[PDB]
>>> print(open('model.pdb').read())   # PDB, C-alpha atoms and all ligand atoms
ATOM      1  CA  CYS A  47    -122.987  13.615 -83.345
ATOM      2  CA  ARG A  54    -129.005   7.187 -76.552
ATOM      3  CA  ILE A  55    -125.658   7.998 -74.742
ATOM      4  CA  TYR A  56    -127.384   8.800 -71.429
ATOM      5  CA  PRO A  57    -130.221   6.270 -71.610
ATOM      6  CA  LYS A  58    -131.218   6.598 -67.942
ATOM      7  CA  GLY A  59    -131.186  10.432 -68.052
ATOM      8  CA  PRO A  60    -128.889  12.991 -66.265
ATOM      9  CA  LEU A  61    -125.989  11.035 -64.737
ATOM     10  CA  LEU A  62    -124.887  12.006 -61.206
ATOM     11  CA  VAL A  63    -121.139  12.484 -61.544
ATOM     12  CA  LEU A  64    -120.175  14.139 -58.218
ATOM     13  CA  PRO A  65    -121.480  13.569 -54.640
ATOM     14  CA  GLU A  66    -122.485  17.286 -54.454
ATOM     15  CA  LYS A  67    -125.463  16.481 -56.702
ATOM     16  CA  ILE A  68    -123.634  17.569 -59.862
ATOM     17  CA  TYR A  69    -125.244  16.106 -62.963
ATOM     18  CA  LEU A  70    -124.161  15.538 -66.557
ATOM     19  CA  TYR A  71    -126.356  15.318 -69.682
ATOM     20  CA  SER A  72    -126.852  15.838 -73.374
ATOM     21  CA  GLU A  73    -129.623  18.272 -74.512
ATOM     22  CA  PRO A  74    -132.694  18.150 -72.266
ATOM     23  CA  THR A  75    -136.369  18.530 -72.844
ATOM     24  CA  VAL A  76    -138.224  21.128 -70.786
ATOM     25  CA  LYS A  77    -139.640  18.583 -68.265
ATOM     26  CA  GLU A  78    -136.223  16.970 -67.646
ATOM     27  CA  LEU A  79    -134.973  20.325 -66.327
ATOM     28  CA  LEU A  80    -137.596  20.489 -63.555
ATOM     29  CA  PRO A  81    -135.916  18.706 -60.588
ATOM     30  CA  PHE A  82    -132.788  20.921 -60.877
ATOM     31  CA  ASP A  83    -132.300  24.109 -58.890
ATOM     32  CA  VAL A  84    -129.415  25.341 -61.030
ATOM     33  CA  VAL A  85    -129.003  24.469 -64.741
ATOM     34  CA  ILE A  86    -125.948  25.471 -66.776
ATOM     35  CA  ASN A  87    -126.228  25.064 -70.535
ATOM     36  CA  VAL A  88    -122.807  25.244 -72.174
ATOM     37  CA  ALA A  89    -123.765  24.513 -75.783
ATOM     38  CA  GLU A  90    -124.471  27.282 -78.353
ATOM     39  CA  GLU A  91    -126.728  25.142 -80.555
ATOM     40  CA  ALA A  92    -128.670  23.717 -77.579
ATOM     41  CA  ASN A  93    -132.080  25.390 -77.208
ATOM     42  CA  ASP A  94    -132.320  28.132 -74.592
ATOM     43  CA  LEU A  95    -135.088  26.874 -72.284
ATOM     44  CA  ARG A  96    -134.931  29.806 -69.812
ATOM     45  CA  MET A  97    -138.477  31.242 -70.143
ATOM     46  CA  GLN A  98    -139.957  27.726 -70.090
ATOM     47  CA  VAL A  99    -138.847  26.976 -66.519
ATOM     48  CA  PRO A 100    -139.242  29.885 -64.012
ATOM     49  CA  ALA A 101    -138.394  27.795 -60.905
ATOM     50  CA  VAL A 102    -134.864  27.211 -62.262
ATOM     51  CA  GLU A 103    -131.767  29.393 -62.108
ATOM     52  CA  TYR A 104    -130.917  28.959 -65.792
ATOM     53  CA  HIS A 105    -127.523  29.825 -67.218
ATOM     54  CA  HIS A 106    -126.693  29.602 -70.900
ATOM     55  CA  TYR A 107    -123.126  30.042 -72.150
ATOM     56  CA  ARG A 108    -123.045  29.642 -75.908
ATOM     57  CA  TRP A 109    -119.849  27.577 -76.222
ATOM     58  CA  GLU A 110    -118.676  26.290 -79.595
ATOM     59  CA  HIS A 111    -115.792  23.794 -79.865
ATOM     60  CA  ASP A 112    -113.326  26.626 -80.600
ATOM     61  CA  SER A 113    -114.363  29.093 -77.846
ATOM     62  CA  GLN A 114    -111.961  30.647 -75.353
ATOM     63  CA  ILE A 115    -113.741  28.913 -72.471
ATOM     64  CA  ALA A 116    -110.948  29.508 -69.939
ATOM     65  CA  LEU A 117    -112.235  33.086 -69.641
ATOM     66  CA  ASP A 118    -115.753  31.938 -68.573
ATOM     67  CA  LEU A 119    -114.428  29.527 -65.940
ATOM     68  CA  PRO A 120    -114.173  31.771 -62.859
ATOM     69  CA  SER A 121    -117.815  32.819 -63.281
ATOM     70  CA  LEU A 122    -119.095  29.334 -64.161
ATOM     71  CA  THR A 123    -117.281  27.424 -61.408
ATOM     72  CA  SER A 124    -118.475  30.107 -58.942
ATOM     73  CA  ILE A 125    -122.097  29.487 -59.979
ATOM     74  CA  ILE A 126    -121.430  25.830 -59.224
ATOM     75  CA  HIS A 127    -119.624  26.323 -55.920
ATOM     76  CA  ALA A 128    -122.350  28.691 -54.727
ATOM     77  CA  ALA A 129    -124.982  26.053 -55.480
ATOM     78  CA  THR A 130    -123.125  23.310 -53.578
ATOM     79  CA  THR A 131    -122.914  25.286 -50.338
ATOM     80  CA  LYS A 132    -126.718  25.689 -50.552
ATOM     81  CA  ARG A 133    -126.899  21.908 -51.223
ATOM     82  CA  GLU A 134    -128.898  22.522 -54.469
ATOM     83  CA  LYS A 135    -129.368  20.009 -57.314
ATOM     84  CA  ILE A 136    -127.183  21.059 -60.281
ATOM     85  CA  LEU A 137    -127.277  20.066 -63.969
ATOM     86  CA  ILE A 138    -124.496  20.767 -66.405
ATOM     87  CA  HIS A 139    -125.438  19.869 -69.961
ATOM     88  CA  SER A 140    -124.319  20.430 -73.518
ATOM     89  CA  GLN A 141    -125.599  18.956 -76.815
ATOM     90  CA  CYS A 142    -124.114  15.445 -76.496
ATOM     91  CA  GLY A 143    -122.766  15.676 -72.958
ATOM     92  CA  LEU A 144    -119.302  14.610 -74.102
ATOM     93  CA  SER A 145    -117.097  17.640 -74.731
ATOM     94  CA  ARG A 146    -118.251  21.106 -73.585
ATOM     95  CA  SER A 147    -120.225  20.074 -70.481
ATOM     96  CA  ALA A 148    -117.577  17.594 -69.331
ATOM     97  CA  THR A 149    -114.953  20.338 -69.718
ATOM     98  CA  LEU A 150    -116.898  22.616 -67.391
ATOM     99  CA  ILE A 151    -117.173  19.877 -64.775
ATOM    100  CA  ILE A 152    -113.471  18.965 -65.027
ATOM    101  CA  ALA A 153    -112.806  22.708 -64.555
ATOM    102  CA  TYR A 154    -114.929  22.698 -61.390
ATOM    103  CA  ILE A 155    -113.037  19.660 -60.123
ATOM    104  CA  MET A 156    -109.736  21.429 -60.693
ATOM    105  CA  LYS A 157    -110.596  24.407 -58.469
ATOM    106  CA  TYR A 158    -112.901  23.061 -55.755
ATOM    107  CA  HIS A 159    -111.457  19.545 -55.557
ATOM    108  CA  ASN A 160    -107.899  20.879 -55.766
ATOM    109  CA  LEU A 161    -106.753  18.372 -58.428
ATOM    110  CA  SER A 162    -104.624  18.543 -61.595
ATOM    111  CA  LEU A 163    -106.041  18.518 -65.117
ATOM    112  CA  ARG A 164    -105.002  14.877 -65.473
ATOM    113  CA  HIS A 165    -106.512  13.680 -62.160
ATOM    114  CA  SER A 166    -109.694  15.702 -62.703
ATOM    115  CA  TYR A 167    -110.184  14.146 -66.137
ATOM    116  CA  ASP A 168    -109.478  10.733 -64.622
ATOM    117  CA  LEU A 169    -112.191  11.304 -61.998
ATOM    118  CA  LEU A 170    -114.902  12.253 -64.484
ATOM    119  CA  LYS A 171    -113.948   9.499 -66.979
ATOM    120  CA  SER A 172    -114.252   7.088 -64.029
ATOM    121  CA  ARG A 173    -117.929   8.056 -63.584
ATOM    122  CA  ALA A 174    -118.759   9.199 -67.124
ATOM    123  CA  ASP A 175    -116.993   6.596 -69.276
ATOM    124  CA  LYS A 176    -117.966   8.221 -72.611
ATOM    125  CA  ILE A 177    -116.438  11.701 -72.114
ATOM    126  CA  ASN A 178    -114.236  12.930 -74.963
ATOM    127  CA  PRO A 179    -113.127  16.582 -74.484
ATOM    128  CA  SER A 180    -111.935  18.325 -77.670
ATOM    129  CA  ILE A 181    -108.276  19.296 -77.946
ATOM    130  CA  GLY A 182    -109.178  22.986 -78.200
ATOM    131  CA  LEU A 183    -111.044  22.634 -74.919
ATOM    132  CA  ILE A 184    -108.219  20.614 -73.391
ATOM    133  CA  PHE A 185    -105.924  23.599 -74.144
ATOM    134  CA  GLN A 186    -108.398  25.980 -72.533
ATOM    135  CA  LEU A 187    -108.261  23.663 -69.523
ATOM    136  CA  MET A 188    -104.464  23.797 -69.612
ATOM    137  CA  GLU A 189    -104.791  27.583 -69.254
ATOM    138  CA  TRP A 190    -107.185  27.037 -66.296
ATOM    139  CA  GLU A 191    -104.565  24.773 -64.675
ATOM    140  CA  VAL A 192    -101.970  27.556 -65.002
ATOM    141  CA  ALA A 193    -104.090  30.324 -63.413
ATOM    142  CA  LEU A 194    -105.156  28.090 -60.503
ATOM    143  CA  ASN A 195    -101.425  27.394 -59.982
ATOM    144  CA  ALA A 196    -100.486  31.092 -60.183
TER
HETATM  145 MG    MG B   1    -132.510  21.287 -79.859
HETATM  146 MG    MG B   2    -116.753  29.988 -84.130
END
>>> encode(input="model.pdb", output="structure tokens")
Amino acid sequence: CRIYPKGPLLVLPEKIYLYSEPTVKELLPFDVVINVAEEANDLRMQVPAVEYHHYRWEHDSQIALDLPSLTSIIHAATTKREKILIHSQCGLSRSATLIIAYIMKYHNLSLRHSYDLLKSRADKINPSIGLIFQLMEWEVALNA
């Protein structure tokens, strides 16, 4: 591919977190955990006090499809003021994409401004082009 040397970085005031691949124990404080990396171990059974979601994204997935469901999981957690972790393998591309996507809908911002917001708090984010295009699709629907 430590990147996040102090653990899961709070990126949004609504207790939205961003990380690379976790260990089991690192998952514990979170109410909702969304794992958007195919190769990243499914830790579901290992943590019963956690609403665990795994979406097996690879860098060439049609992620725009998954975005209504995924951003709804997130919005529903924020109204209940729950602690939320969104992680991938390296916490650069797939997980950042999902957050940016959230920001587009529920912060009512453009792709560009949403990216700018996350890069401002997660300096190392580097969304893949394929994923950027999937986000471009997301921007269209939200504008329809
Ligand atoms: Mg692993
Ligand atoms: Mg493939």
>>> resolve_selection(input="model.pdb", expression="the PyMOL selection byres (((chain A and resi 76-83) around 7) and not hetatm)", output="mmCIF file with C-alpha atoms, in the coordinates of the input")
data_model
loop_
_atom_site.group_PDB
_atom_site.id
_atom_site.type_symbol
_atom_site.label_atom_id
_atom_site.label_comp_id
_atom_site.auth_asym_id
_atom_site.auth_seq_id
_atom_site.Cartn_x
_atom_site.Cartn_y
_atom_site.Cartn_z
ATOM 1 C CA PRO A 74 -132.694 18.150 -72.266
ATOM 2 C CA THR A 75 -136.369 18.530 -72.844
ATOM 3 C CA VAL A 84 -129.415 25.341 -61.030
ATOM 4 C CA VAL A 85 -129.003 24.469 -64.741
ATOM 5 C CA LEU A 95 -135.088 26.874 -72.284
ATOM 6 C CA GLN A 98 -139.957 27.726 -70.090
ATOM 7 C CA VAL A 102 -134.864 27.211 -62.262
ATOM 8 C CA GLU A 103 -131.767 29.393 -62.108
ATOM 9 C CA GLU A 134 -128.898 22.522 -54.469
ATOM 10 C CA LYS A 135 -129.368 20.009 -57.314
ATOM 11 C CA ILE A 136 -127.183 21.059 -60.281
ATOM 12 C CA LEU A 137 -127.277 20.066 -63.969
#
>>> residues_around(input="model.pdb", residues="residue 183 (chain A)", least_positions_apart="4", cutoff="12 Å", atoms="all atoms listed in the file", output="PyMOL selection string")
chain A and resi 109-117+119+144-150+152-153+163+178-179+187-190
>>> resolve_selection(input="model.pdb", expression="the PyMOL selection byres (((chain A and resi 70) around 9) and not hetatm)", output="list in words")
residues 56, 59, 60, 61, 62, 63, 68, 69, 71, 72, 136, 137, 138, 139, 140, 143, 147, 148, 151 and 174 of chain A
>>> write_last_selection(input="model.pdb", atoms="C-alpha atoms", output="compact mmCIF listing (two decimals), in the coordinates of the input")
# COMPACT_ATOMS: atom_id res chain seq x y z
CA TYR A 56 -127.38 8.80 -71.43
CA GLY A 59 -131.19 10.43 -68.05
CA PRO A 60 -128.89 12.99 -66.26
CA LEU A 61 -125.99 11.04 -64.74
CA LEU A 62 -124.89 12.01 -61.21
CA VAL A 63 -121.14 12.48 -61.54
CA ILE A 68 -123.63 17.57 -59.86
CA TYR A 69 -125.24 16.11 -62.96
CA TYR A 71 -126.36 15.32 -69.68
CA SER A 72 -126.85 15.84 -73.37
CA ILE A 136 -127.18 21.06 -60.28
CA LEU A 137 -127.28 20.07 -63.97
CA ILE A 138 -124.50 20.77 -66.40
CA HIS A 139 -125.44 19.87 -69.96
CA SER A 140 -124.32 20.43 -73.52
CA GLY A 143 -122.77 15.68 -72.96
CA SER A 147 -120.22 20.07 -70.48
CA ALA A 148 -117.58 17.59 -69.33
CA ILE A 151 -117.17 19.88 -64.78
CA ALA A 174 -118.76 9.20 -67.12
>>> residues_near_ligand(input="model.pdb", ligand="ligand MG 1 (chain B)", cutoff="8 Å", atoms="all atoms listed in the file", output="list in words")
residues 73, 91, 92, 93 and 141 of chain A
>>> closest_residue(input="model.pdb", among="A:133, A:182, A:158, A:66", to="ligand MG 2 (chain B)", atoms="only C-alpha atoms and all ligand atoms")
A:182
>>> closest_residue(input="model.pdb", among="A:118, A:97, A:108, A:124", to="ligand MG 2 (chain B)", atoms="only C-alpha atoms and all ligand atoms")
A:108
>>> resolve_selection(input="model.pdb", expression="the PyMOL selection byres (((chain A and resi 164) around 12) and not hetatm)", output="ChimeraX atom specification")
/A:152-153,155-156,160-163,165-171,184,187-188,191
>>> write_last_selection(input="model.pdb", atoms="C-alpha atoms", output="short mmCIF file (atom, residue, chain, number, x, y, z; two decimals), keeping the file's coordinate frame")
data_model
loop_
_atom_site.label_atom_id
_atom_site.label_comp_id
_atom_site.auth_asym_id
_atom_site.auth_seq_id
_atom_site.Cartn_x
_atom_site.Cartn_y
_atom_site.Cartn_z
CA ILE A 152 -113.47 18.96 -65.03
CA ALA A 153 -112.81 22.71 -64.56
CA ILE A 155 -113.04 19.66 -60.12
CA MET A 156 -109.74 21.43 -60.69
CA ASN A 160 -107.90 20.88 -55.77
CA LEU A 161 -106.75 18.37 -58.43
CA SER A 162 -104.62 18.54 -61.60
CA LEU A 163 -106.04 18.52 -65.12
CA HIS A 165 -106.51 13.68 -62.16
CA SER A 166 -109.69 15.70 -62.70
CA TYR A 167 -110.18 14.15 -66.14
CA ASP A 168 -109.48 10.73 -64.62
CA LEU A 169 -112.19 11.30 -62.00
CA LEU A 170 -114.90 12.25 -64.48
CA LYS A 171 -113.95 9.50 -66.98
CA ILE A 184 -108.22 20.61 -73.39
CA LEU A 187 -108.26 23.66 -69.52
CA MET A 188 -104.46 23.80 -69.61
CA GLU A 191 -104.56 24.77 -64.68
#
>>> closest_residue(input="model.pdb", among="A:122, A:96, A:101, A:142", to="residue 176 (chain A)", atoms="all atoms listed in the file")
A:142
>>> atom_distance(input="model.pdb", atom1="CA of residue 195 (chain A)", atom2="CA of residue 86 (chain A)")
25.5 Å
>>> closest_residue(input="model.pdb", among="A:181, A:121, A:127, A:90", to="ligand MG 2 (chain B)", atoms="all atoms listed in the file")
A:90
>>> atom_distance(input="model.pdb", atom1="CA of residue 64 (chain A)", atom2="CA of residue 196 (chain A)")
26.1 Å
>>> build_atoms(input="model.pdb", residues="region 147-166 of chain A", atoms="N, CA, C and O atoms", output="PDB file, in the frame of the given file")
ATOM      1  N   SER A 147    -119.734  20.222 -71.852  1.00  0.00           N
ATOM      2  CA  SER A 147    -120.225  20.074 -70.481  1.00  0.00           C
ATOM      3  C   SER A 147    -119.246  19.346 -69.568  1.00  0.00           C
ATOM      4  O   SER A 147    -119.078  19.728 -68.406  1.00  0.00           O
ATOM      5  N   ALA A 148    -118.592  18.314 -70.092  1.00  0.00           N
ATOM      6  CA  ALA A 148    -117.577  17.594 -69.331  1.00  0.00           C
ATOM      7  C   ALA A 148    -116.418  18.518 -68.967  1.00  0.00           C
ATOM      8  O   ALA A 148    -115.931  18.492 -67.838  1.00  0.00           O
ATOM      9  N   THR A 149    -116.007  19.347 -69.924  1.00  0.00           N
ATOM     10  CA  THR A 149    -114.953  20.338 -69.718  1.00  0.00           C
ATOM     11  C   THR A 149    -115.274  21.198 -68.510  1.00  0.00           C
ATOM     12  O   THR A 149    -114.445  21.342 -67.607  1.00  0.00           O
ATOM     13  N   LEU A 150    -116.484  21.756 -68.491  1.00  0.00           N
ATOM     14  CA  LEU A 150    -116.898  22.616 -67.391  1.00  0.00           C
ATOM     15  C   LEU A 150    -116.819  21.891 -66.046  1.00  0.00           C
ATOM     16  O   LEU A 150    -116.342  22.454 -65.062  1.00  0.00           O
ATOM     17  N   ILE A 151    -117.261  20.640 -66.010  1.00  0.00           N
ATOM     18  CA  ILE A 151    -117.173  19.877 -64.775  1.00  0.00           C
ATOM     19  C   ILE A 151    -115.709  19.686 -64.372  1.00  0.00           C
ATOM     20  O   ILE A 151    -115.321  20.052 -63.265  1.00  0.00           O
ATOM     21  N   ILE A 152    -114.898  19.156 -65.283  1.00  0.00           N
ATOM     22  CA  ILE A 152    -113.471  18.965 -65.027  1.00  0.00           C
ATOM     23  C   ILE A 152    -112.867  20.229 -64.420  1.00  0.00           C
ATOM     24  O   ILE A 152    -112.132  20.155 -63.425  1.00  0.00           O
ATOM     25  N   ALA A 153    -113.214  21.374 -65.020  1.00  0.00           N
ATOM     26  CA  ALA A 153    -112.806  22.708 -64.555  1.00  0.00           C
ATOM     27  C   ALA A 153    -113.210  22.971 -63.116  1.00  0.00           C
ATOM     28  O   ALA A 153    -112.404  23.456 -62.335  1.00  0.00           O
ATOM     29  N   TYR A 154    -114.463  22.660 -62.777  1.00  0.00           N
ATOM     30  CA  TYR A 154    -114.929  22.698 -61.390  1.00  0.00           C
ATOM     31  C   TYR A 154    -114.007  21.869 -60.504  1.00  0.00           C
ATOM     32  O   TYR A 154    -113.495  22.355 -59.502  1.00  0.00           O
ATOM     33  N   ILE A 155    -113.803  20.618 -60.901  1.00  0.00           N
ATOM     34  CA  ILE A 155    -113.037  19.660 -60.123  1.00  0.00           C
ATOM     35  C   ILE A 155    -111.634  20.184 -59.875  1.00  0.00           C
ATOM     36  O   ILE A 155    -111.081  19.994 -58.800  1.00  0.00           O
ATOM     37  N   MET A 156    -111.074  20.881 -60.854  1.00  0.00           N
ATOM     38  CA  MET A 156    -109.736  21.429 -60.693  1.00  0.00           C
ATOM     39  C   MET A 156    -109.675  22.416 -59.529  1.00  0.00           C
ATOM     40  O   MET A 156    -108.860  22.251 -58.617  1.00  0.00           O
ATOM     41  N   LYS A 157    -110.568  23.404 -59.534  1.00  0.00           N
ATOM     42  CA  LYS A 157    -110.596  24.407 -58.469  1.00  0.00           C
ATOM     43  C   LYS A 157    -111.040  23.832 -57.121  1.00  0.00           C
ATOM     44  O   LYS A 157    -110.245  23.781 -56.182  1.00  0.00           O
ATOM     45  N   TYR A 158    -112.286  23.371 -57.042  1.00  0.00           N
ATOM     46  CA  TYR A 158    -112.901  23.061 -55.755  1.00  0.00           C
ATOM     47  C   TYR A 158    -112.669  21.634 -55.272  1.00  0.00           C
ATOM     48  O   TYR A 158    -113.114  21.270 -54.186  1.00  0.00           O
ATOM     49  N   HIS A 159    -111.963  20.827 -56.058  1.00  0.00           N
ATOM     50  CA  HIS A 159    -111.457  19.545 -55.557  1.00  0.00           C
ATOM     51  C   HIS A 159    -109.933  19.565 -55.425  1.00  0.00           C
ATOM     52  O   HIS A 159    -109.318  18.601 -54.943  1.00  0.00           O
ATOM     53  N   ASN A 160    -109.335  20.672 -55.860  1.00  0.00           N
ATOM     54  CA  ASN A 160    -107.899  20.879 -55.766  1.00  0.00           C
ATOM     55  C   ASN A 160    -107.125  19.706 -56.389  1.00  0.00           C
ATOM     56  O   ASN A 160    -106.293  19.069 -55.740  1.00  0.00           O
ATOM     57  N   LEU A 161    -107.434  19.416 -57.653  1.00  0.00           N
ATOM     58  CA  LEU A 161    -106.753  18.372 -58.428  1.00  0.00           C
ATOM     59  C   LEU A 161    -106.215  18.916 -59.754  1.00  0.00           C
ATOM     60  O   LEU A 161    -106.677  19.944 -60.252  1.00  0.00           O
ATOM     61  N   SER A 162    -105.242  18.201 -60.317  1.00  0.00           N
ATOM     62  CA  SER A 162    -104.624  18.543 -61.595  1.00  0.00           C
ATOM     63  C   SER A 162    -105.594  18.293 -62.741  1.00  0.00           C
ATOM     64  O   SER A 162    -106.605  17.606 -62.566  1.00  0.00           O
ATOM     65  N   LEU A 163    -105.282  18.838 -63.917  1.00  0.00           N
ATOM     66  CA  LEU A 163    -106.041  18.518 -65.117  1.00  0.00           C
ATOM     67  C   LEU A 163    -106.157  17.002 -65.244  1.00  0.00           C
ATOM     68  O   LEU A 163    -107.259  16.471 -65.305  1.00  0.00           O
ATOM     69  N   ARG A 164    -105.018  16.313 -65.251  1.00  0.00           N
ATOM     70  CA  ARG A 164    -105.002  14.877 -65.473  1.00  0.00           C
ATOM     71  C   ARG A 164    -105.908  14.127 -64.489  1.00  0.00           C
ATOM     72  O   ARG A 164    -106.731  13.313 -64.914  1.00  0.00           O
ATOM     73  N   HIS A 165    -105.762  14.407 -63.190  1.00  0.00           N
ATOM     74  CA  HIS A 165    -106.512  13.680 -62.160  1.00  0.00           C
ATOM     75  C   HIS A 165    -108.002  13.995 -62.209  1.00  0.00           C
ATOM     76  O   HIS A 165    -108.837  13.120 -61.965  1.00  0.00           O
ATOM     77  N   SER A 166    -108.316  15.249 -62.534  1.00  0.00           N
ATOM     78  CA  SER A 166    -109.694  15.702 -62.703  1.00  0.00           C
ATOM     79  C   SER A 166    -110.380  14.975 -63.851  1.00  0.00           C
ATOM     80  O   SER A 166    -111.478  14.449 -63.683  1.00  0.00           O
TER      81      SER A 166
END
